[PDB]
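Each of the two blocks below gives one form of the same protein chain as structure tokens; they are labelled structure 1 and structure 2.
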Structure 1
């Protein structure tokens, strides 16, 4: 793809720097060309004494997904002129609680509360993440202690005499609150602790994230400073934060300042939440109550929060953050001896380099290049080398990943197809059918010993009322019938996921399951519905795919990307149900194999209380 060898870090910066600038300009253009205007706001001083405007935008399934934290710029327009400008940040996006975007605006005064149409939602571009990428390339080139010198040479592809990191290993490598390790995982931990640089590779469910949590536990039990743990996406970092919390380490989850409205299983571990509960600093406590219920108290509250952050950050055992989030100014002046990056194959190399240059002497990279890769909008940058992850470049350089092969997530039948198509049948099972026979679940499949079937459903795929996305109302109905059948059978709502490629299908499934659901509306609200991105590195007991397209033209998500389908088929533990049109999905070498294998196992069925289909 691109020459993996480099003379020095100056030359490295000169290659990657322009690539990053190419990506920064491209999606600056794209963001500023995504303006809506015919929208109607919904003003109200939200119960936390801060103005929170609501609005609905046309359903568009893009790759630049509007996330919680993005800066948005309102604009009152039309004939009736308190015409002004107002800036805020996204406190909520389309989800299970209705498909309405909320923002929490900074200032609350000049904004007219005349809830009146003809506004203009502009997506404010931030160079933040690209600035951090460029800054990290500069630190690699200029800062002598950015990396250990061994790692400096190994990252540039130089020939280096091997170094053995000396340390007192533990007697036993399994960590307390995590699963008992394999021989392969025990080997991975033992080997990793004594190498300055290591890659860990492995198919879905093979304990990469658990093994990473275990490694971070032992690195923390050394006398060093805080271990830095990263992943490219917020979802993957939450997965890792949770496993590390289970070992009993003092964890701090750093996130961007605007993403404090997020709620995950370990949201309480976040820095902004830990600071609210500072029992050692009652005075920022007094000021925090003040902002809820001035100008001088603002600069004092600001510096008081800066002090509390420094205290928890410098005194933590582990700091979990996004790769890009490692370049956060609050982590400036800090250095990290040990650094691990889960899901490293999902990041571009400059993004992945943001944490690395903060003093790395021991570096662990965990990945799977058959799962989600980097997202590069600009095709020119991608072709010029930005699409290759750090992990993958080191593999070309000859470092051999420690490999995990035994999965413990899925049922043998579920892992059968993904292994043969994506991993050459080299993904095997450390769990059997007896282990994945859901306890307290009276449901019988169209073929026992095989918790899976492709439900056939031809239907009118149409466009979304507002937007460019697609949906399939006939399938949606069938997906609620499957969801209702699983819930009555014993399955808990929070252990069912529904993956679908399109935004129009997601939005429709949320409203339709709640309104027209047989059971309580609160139960369908508890069932997650999203694209594969939402389930990155995660697992549910049951998954339901909803392939929307019943037409001729290309798809987008798991319809035409091998990476995304693999991830879609490897989230389930106890069973998976795919819903879609066999004919429409057939025009795709990957999906035509799926339909063949399912027909051979006598699970290509149709019509409630079902039987085989041709």
Structure 2
């Protein structure tokens, strides 16, 4: 009440089809193909796999593609394979390794076609989770089943042994609201935690997970929708001194993060287990009988590290990973759950949840749903928000400990009805050893006006902006020269195109300060929700005469972008395009009134008189 489901079968019959809409739509939307006139060069790898090389008049490493032969000089043929080489410093040849070496039409070279194959794994796991919820009644407790379905059911009290102290060593001393939040959550089967940015939702989550783990009843499962949110929580949990295993996507095994040392795939390789460490050093070959012992041993190692972990951390979709099947979790916490669709949250939930904690802020980013029809039918509504509408009262945090009061003013008043209070002062937020000259000494922020125009990026739907990129670099140098360390600086931008451009431009050219720049985080705004830096630089990218600003129209995205910094925020963008949207127009006027809308050379900034719509 009011939204109710008779049972989990009806529930699946509603969300199952929604997920299918979104899946089918994304597939159609992300799938592209060449003309059927590609010329192929055939070869064999050293390992005797079959390879096709070709040039293209926008693929990425590891992509899956279908190669079709459409000519008449051999039987019609199609084969699946994956990109093992893209155009680079060795040449413009794309190479793909085929799954199956035969019977490829290696005697012909013309009249081929290349289709990019959209990967369906993430939606498969959501469909699969929905089915498990409906068919297997042991996948969640009777209580949680009834609560999730909107049934009336008496409140249940979990009678655990409460800790001596709620606040946990290694983490900040909890304030009264966080203590209340921890103490209360431990005793309920279902809890929602809510609060504006930087109120310690993740700190509080880590403290809860710590106590649930110390109950000694098996590993706690901990998730978030995006890899970066999972990593924040993982690091905080690690600080409590617990044994944490970060389970990563197979496709991310070569991505570098500050919690890489906790990644399951890395822990296994640092194990002894000397034999398996030998078969790994060997596959780094491909022997088929050797792969049998490799796998068995690997399964033995994964089983060991996972079963003995106090906590397992992974994305919501990652929870559906085959390595975790046949595992059950009594206690599950999902951080930044408001950024996920409900079927995405259900992925970890159906692993046997008897106690479930959801953390969120609906004023920050929601899930990505490209199919407007599906979004409007409800796929856009998170589980956290449905439960709020159903009457579950969230536990609230309201006092912020991240940012200088001047950074919190606009977001607090605009997004949170002035209810975001400050737990730190201006004096708590003067960087020691930092000799930077702010336009307004008392306001560590400014919007740096940048004339320019966006370009469409390699991908075809994303944008970049070369002028802003240039200024981002200048500003970064200025900050570094003022005394900021690389790791105290973060650069965020809403677009992937701009993110990638910045990586190449700052980190992989020959720049004099390349080694410094490489220690500087660059990321999309969306990925960075949940993370914080001392100093943030935001590149807005959009800059055009009559093409709009795209998803910059979403207030949630600006909110996240404005609330990542502790000590200072510098915004780089073009007020001309931004001003056309009421929200950005208001942020621009706000900065103008604060005298931090500026122009000119960095060492000699002047207010921008420039007028905008």
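So that the term is clear: the rigid core is the largest set of C-alpha atoms that superpose within 1.5 Å between two forms. Positions refer to the first chain, counted from 1.
Task: Of the two forms shown alone, the one solved in complex with the RNA - done: It is the second structure that is the form solved in complex with the RNA.
Task: Residue among 405, 335, 525, 267 whose Cα moves 2 Å or more between structure 1 and structure 2, once the rigid core is superposed - done: Comparing both forms, the shifted residue turns out to be 525.
Open item on the list: Superposing on the rigid core, I want to see if residue 422 changes position between structure 1 and structure 2 - specifically a Cα shift of 2 Å or more.
Closed with: No; residue 422 is a residue whose C-alpha shifts by less than 2 Å between structure 1 and structure 2 when the cores are overlaid.
Open item on the list: Rigid core aligned, does the Cα position of residue 283 differ by 2 Å or more between structure 1 and structure 2?
Closed with: Yes; residue 283 is a residue whose C-alpha shifts (by 2 Å or more) between structure 1 and structure 2 when the cores are overlaid.
Open item on the list: Once both forms sit on the same rigid core, is the C-alpha displacement of residue 312 at or above 2 Å between structure 1 and structure 2?
Closed with: Shift at residue 312: below 2 Å after core fit.
TODO: Align on the rigid core first, then pass along the CA displacement of residue 590 between structure 1 and structure 2 in angstrom.
DONE: It moves 0.8 Å at the C-alpha.
Open item on the list: Core-aligned, what does the C-alpha of residue 75 shift between structure 1 and structure 2, expressed in angstrom?
Closed with: That residue's C-alpha sits 9.9 Å away in the other form.
Task: Per-residue Cα shift, residue 487, between structure 1 and structure 2 [Å; core superposed] - done: That residue's C-alpha is offset by 1.7 Å.
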